[PDB]
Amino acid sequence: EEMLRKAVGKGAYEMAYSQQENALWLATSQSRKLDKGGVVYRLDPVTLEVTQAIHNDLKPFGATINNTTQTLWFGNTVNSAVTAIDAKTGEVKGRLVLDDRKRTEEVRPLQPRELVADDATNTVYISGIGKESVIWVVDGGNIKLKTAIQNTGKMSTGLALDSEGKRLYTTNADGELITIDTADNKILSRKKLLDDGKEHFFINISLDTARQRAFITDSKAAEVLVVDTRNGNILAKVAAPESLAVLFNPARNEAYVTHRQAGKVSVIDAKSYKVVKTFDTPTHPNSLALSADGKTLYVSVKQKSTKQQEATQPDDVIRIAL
């Protein structure tokens, strides 16, 4: 319905929402050439006005929040690290380097991508992408590395957590869905979701744990997958443009999907498995966030920026009253 576009800053990416603080956070990397480090912006959930600017010496990209500890967790992609920030005070609690290797021509350090927090065990799971990706398991209590789950495939970007079921899911560029037992950090199964001889980059995944199903985006194909998390069988193929982020809303039984190249956001009705609404978010939408009540959707919208020519305008956040 009602849409509000608000400029925040350059290099906007992922977001996190806190009902306790009644606030929204946006990770910004700022200018890649002029700025060393980045800023995490605290935003008014109604007006999107900056209510706090947290300067970071490492650029933040991915974002998640532990609702029990009220601790924000950000992925430092270009530094192979994760940052913990107190959501109430805004103080940086500490950082952990996940790949301290120096970059050469043969050595390419793994970079954090997605982050999910287990409020029950205070555990942070971080997807470290690369040729041979991993899942980093971080102790939220003392910001220390517990272990690194091996062999998640090529560019295993996706990450979603089933806290009660003790199941962790990740998706990669090998077209497979990987299920992990969080009780011992071991891969329980992996299944190639499609056997059509086509290339499939499953970038993101969002869970409907109540019905044991997952929504998975694909940047190489023009359809969003709905998958049964018990066996990996495909429940539906929703026709939509090439997709990046996906967020399921249990309060409305809908899934929202960003289309970077199309410049749009799709609303997928999870009962009929059809796109019932498309939001106009011109110029590369990126990440999604929902208010606690499921009534407000937040979309980070990025300007066109290249490796040679950066954007001269800041990125935006769009607030959509559902």
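Position 1 is the first residue in the sequence shown; the rest follow in order.
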| item | value |
| --- | --- |
| Mean C-alpha temperature factor, higher of 97 to 105 and 243 to 251 | 97 to 105 |
| Stretch with the higher entry mean CA B-factor, where the candidates are 195 to 203 and 112 to 120 | 195 to 203 |
| C-alpha B-factor winner, where the candidates are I126, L72, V78, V227 | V227 |
| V275, C-alpha B-factor rank within chain (lowest, middle or highest third) | middle |
| Record-listed C-alpha B factor of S300: chain third | lowest |
| Where the record places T83 (Cα B-factor, split into thirds across the chain) | lowest |
| Position of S31 among the chain's modelled residues by C-alpha B-factor, lowest, middle or highest third | highest |
| Relative C-alpha B-factor of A311, binned into the chain's lowest, middle or highest third | highest |
